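This text opens with one protein chain seen in two forms, each one given by itself as structure tokens under the names structure 1 and structure 2.
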Structure 1
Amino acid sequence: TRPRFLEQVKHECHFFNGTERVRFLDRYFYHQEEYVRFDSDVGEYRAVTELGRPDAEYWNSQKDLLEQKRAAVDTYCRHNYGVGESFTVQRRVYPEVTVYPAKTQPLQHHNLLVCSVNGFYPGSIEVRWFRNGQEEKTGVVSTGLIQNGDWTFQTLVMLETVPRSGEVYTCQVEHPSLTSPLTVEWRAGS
């Protein structure tokens, strides 16, 4: 029953084209609402809501504080980018792919073909489906990217189809951790 009070501070570094263009943001929040913000383009603090005007006027009066935040694209952003570069921006983990039908049932009945892609990093991945060698872009549904919270993603790309005898459905996965595409086939059978 005791009322709570939350302060949040988020020092954000945004990188484009590696470190060729960097933007720094010094964001101060009260109850999930941004009150005052320093941005490496404006060069000083600004108040997003009126309730953070006193802090912006105060920090903008001190050149020592401003020269500290103006420098943070170089002494903080590009610095911490280089510290973790080898195991973050260059991290490559390949996924395990598994293809399985959603229902054990006869052919010529409607079915849903699941291509499960588990454990890749980074998130950039392309997943395709092939019916007898022809890519099929209709009837595809994806869960999107699922973060497992451990520096791996997963995703399920499902295919709606009516399976027929002799059909070979192929899931194809493309990912930076792999020099060649990953393919897993499913036999329709009888």
Structure 2
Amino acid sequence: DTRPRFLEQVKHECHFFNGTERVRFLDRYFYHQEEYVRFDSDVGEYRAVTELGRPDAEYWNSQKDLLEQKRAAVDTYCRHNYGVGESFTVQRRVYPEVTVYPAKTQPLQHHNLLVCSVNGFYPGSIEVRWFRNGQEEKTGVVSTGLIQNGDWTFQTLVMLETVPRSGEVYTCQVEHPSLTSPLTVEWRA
């Protein structure tokens, strides 16, 4: 199939700062991936983003009942839906699961990577650090970044490039919004 395609997207966005103390509502329209007209609650009217959306801003802004219902969306839509799902979205917190295991960069060679696998946590913001004999190791640390599993959990593999010697204690420290104290896991050769 070689027929050309034509995509149209619409995104109704609610932005929240400090609970519902500050709310921003955006009503965005896209042709393919190019936004051409939007409504910004901080402006109170439709504004065309590209030349393509000028007919829409003119026509929509002439309707009084449309602008008024778009200006109340922060309360009739944004603040309403927040309280509906505030229990299982805003307050969802899943404890992370930390595993430390060794790996190899090239096969058939001794271990040279210490992998700290943090799994299944929510929310996404996380701080994972390595320590060697009590001193933090900030040199030669690679990671996968923060991975969204798509099922309302996250994971990240923070790897340490090092050849472990006997008598060395390596510690992976994990900080998370749902934790009261930093979670640490030791690993010794």
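Between two forms, the rigid core is the largest collection of C-alphas that superpose within 1.5 Å. Residues are numbered by position in structure 1's sequence, first residue being 1.
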For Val114, state whether the C-alpha moves by 2 Å or more between structures 1 and 2 after rigid core superposition.
no
Core fit, then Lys103 C-alpha moves 2 Å or more between structures 1 and 2
yes
May I ask for the C-alpha shift of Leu178 between structures 1 and 2, in Å, based on superposition of the rigid core?
2.1
